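Colleague: kindly generate the corresponding structure for this input.
(one chain, ligands or ions: 1)
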Amino acid sequence: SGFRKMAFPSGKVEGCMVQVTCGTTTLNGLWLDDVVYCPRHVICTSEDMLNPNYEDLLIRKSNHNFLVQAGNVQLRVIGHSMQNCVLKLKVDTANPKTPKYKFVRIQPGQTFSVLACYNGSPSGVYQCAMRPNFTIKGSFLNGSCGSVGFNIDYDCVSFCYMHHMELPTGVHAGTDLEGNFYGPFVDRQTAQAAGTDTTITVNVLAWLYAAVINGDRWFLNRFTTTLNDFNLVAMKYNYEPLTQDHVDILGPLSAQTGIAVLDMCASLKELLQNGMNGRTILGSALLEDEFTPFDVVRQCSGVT
Ligand SMILES: *C(=N)[C@H](C[C@@H]1CCNC1=O)NC(=O)[C@@H]1[C@@H]2[C@H](CN1C(=O)[C@@H](NC(=O)C(F)(F)Cl)C(C)(C)C)[C@@H]1C=C[C@H]2C1
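Modeller: Residues are numbered from 1 along each chain as shown. Take a look:
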């Protein structure tokens, strides 16, 4: 029993981290096969960040300007290309630690593990959700650029995020591994703000099911509700609309506990309208929305 925010084991991604240097800028790269992926603002200096034309800046860059370092050992760059907001540096050695992998673009509400890195070396690992406003509530300093977000399916690492930047509210923005930003953000030092940070309703419900599984069920009331009637209440508290797809995805948890999704919705409804009254659910004084239904199942059934 017990329920914790849990990252995937990071060993397979640690073997892919390298340091990339160009000019005075040092940041992290991801080395998979004979390619290093990193954020394109490696090309920029402190002057350039206001309004850089990345294509023009790239004209002045040769292969030998890019120093790539795995541990103490240097990798020879034999080619470079810009793909959207990432740079692909072709090197002459394939990574011997390349795990089984693919690049996925995740959906909002889905979660992943972040291996926060500085100078190509790991600082630590934590779990994040892609917020509905396409930001993440991370922990990143200067130098963290190129740190990656991933999930693991048995042996296959799915890379979903590369870190690029921090927004005014202390939240973070980045790209998929094809260099496309999540959200409307650009890799430019200009006025940018996150939209309204809404709660991932289906995840809250998943977490309530986790609470019940762990014996922490004081919040279960005697009411039920309808999907439309719950959704009216959701809208008021900036909760995302609950759909029938979300109901179906909660089915495994509903079946294990014997509590229908709409019964749980009615208990959530009461927590929204009355608050928690100083009480906790799984050691938390607020409602947690960064556990997917799949996250809950995995932790409660001991998937490896
Ligand atoms: C990468 N090393 C670094 C990570 C940042 C630094 C502090 N916390 C982080 O996560 N990235 C940057 O410095 C990027 C960089 C610059 C400016 N920038 C920012 O994150 C800046 N933010 C913004 O401009 C904003 F999000 F739009 Cl408000 C700032 C935090 C330094 C003010 C250009 C924009 C993105 C890349 C190029």
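Colleague: C-alpha only now, for contacts and for neighbours.
Modeller: Fine.
Colleague: which positions in the protein make contact with the ligand?
Modeller: Applying Cα under 6 Å from any ligand atom, we find that the chain lies next to the ligand at 41, 49, 140-145, 164-168, 187-192.
Colleague: which of these fall within helices?
Modeller: Among those, no member falls in helices (DSSP state H).
Colleague: out of the residues you listed, which are buried?
Modeller: Neighbour-count burial (16 or more other Cα atoms under 10 Å) applied to those gives 41, 140, 143-145, 164-166, 187.
Colleague: can you list the domains in the chain?
Modeller: 1-14+100-197, 15-99, 198-301 (CATH domains of a matching chain).
Colleague: C-terminal to the longest strand belonging to the chain, what's the next element?
Modeller: As assigned by DSSP state E, the longest strand anywhere in the chain is strand 156-167. Next along the chain after strand 156-167, taking DSSP states H and E as the criterion, comes strand 171-175.
Colleague: what are the contacting residues of that next one?
Modeller: With contact meaning Cα atoms under 8 Å, 6 or more residues apart in numbering, strand 171-175 is reached by 85, 134-138, 161-167, 181-183, 185.
Colleague: again, 10 Å this time
Modeller: 39, 84-86, 105, 130, 134-140, 145-149, 160-167, 180-187, 193-194 (Cα atoms under 10 Å, 6 or more residues apart in numbering).
Colleague: only whichever of the residues you listed are buried, select them in ChimeraX.
Modeller: ChimeraX command restricting these to the buried ones, with burial defined by 16+ other Cα under 10 Å:
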select :39,85,86,105,130,134,135,136,137,138,140,145,146,147,148,149,160,161,162,163,164,165,166,180,181,182,183,185,186,187,194
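Colleague: ends of stretch 47-65, how far apart?
Modeller: End-to-end span of stretch 47-65 (Cα to Cα, to the nearest Å): 19 Å.
Colleague: what residues are up against the residue nearest to residue 224 when sequence neighbours are not counted?
Modeller: Spatial nearest neighbour of residue 224, excluding adjacent residues (Cα to Cα, 6 or more residues apart in numbering): residue 263 at 4.5 Å. Contacts for residue 263 (Cα under 10 Å, 6+ apart) come out as 220-226, 254, 269.
Colleague: same check on residue 258?
Modeller: Applying Cα under 10 Å, 6+ apart, the residues near residue 258 are 251-252.
Colleague: residue 20 - how many residues pack around it?
Modeller: 26 (other Cα atoms under 10 Å).
Colleague: ignore what I typed, I meant residue 217.
Modeller: 15.
Colleague: offset the numbering so it begins at 8, please.
Modeller: In the new numbering, first residue 8, that becomes residue 224.
Colleague: where does it sit: helix, strand or coil?
Modeller: What DSSP: H, G, I helix; E, B strand; the rest coil gives for residue 224 is coil.
Colleague: close enough to count as contact, residue 23 and residue 103?
Modeller: Yes. Counting by Cα atoms under 10 Å, residue 23 does reach residue 103; the two are 9.2 Å apart.
Colleague: between those two, which one's more packed in?
Modeller: Higher neighbour count among residue 23 and residue 103: residue 23, with 20 against 12, using other Cα under 10 Å.
Colleague: excluding residues flanking it in the chain, which one is nearest the more buried one?
Modeller: Nearest residue to residue 23, sequence neighbours excluded (Cα to Cα, 6+ apart): residue 38, at 4.8 Å.
Colleague: please pick the buried ones from the contacts of residue 270.
Modeller: Buried by 16+ other Cα under 10 Å: 227, 232, 261, 276, out of these.
Colleague: can you put the residues you listed in CSV and add secondary structure?
Modeller: Converted to CSV, those look like this (three-state DSSP):
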residue, secondary structure
227, coil
232, coil
261, helix
276, helix
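Colleague: so which residues of this structure form helices?
Modeller: Assigned by DSSP H, the chain shows helices spanning 18-21, 61-66, 208-220, 234-243, 251-256, 258-264, 268-281, 300-308.
Colleague: extract the C-alpha trace of the fourth one and format it as CSV.
Modeller: What it means is helix 234-243. Extracted in CSV, the C-alpha atoms of helix 234-243 (Å, rounded to 0.1, in the frame of the first residue of the first chain):
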residue,chain,number,x,y,z
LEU,A,234,-22.1,13.4,-17.0
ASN,A,235,-23.7,16.7,-18.1
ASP,A,236,-24.6,17.7,-14.5
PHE,A,237,-21.0,16.9,-13.3
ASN,A,238,-19.6,18.9,-16.3
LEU,A,239,-21.6,22.0,-15.3
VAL,A,240,-19.9,21.9,-12.0
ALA,A,241,-16.5,21.1,-13.6
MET,A,242,-16.6,24.2,-15.8
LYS,A,243,-17.1,26.5,-12.7
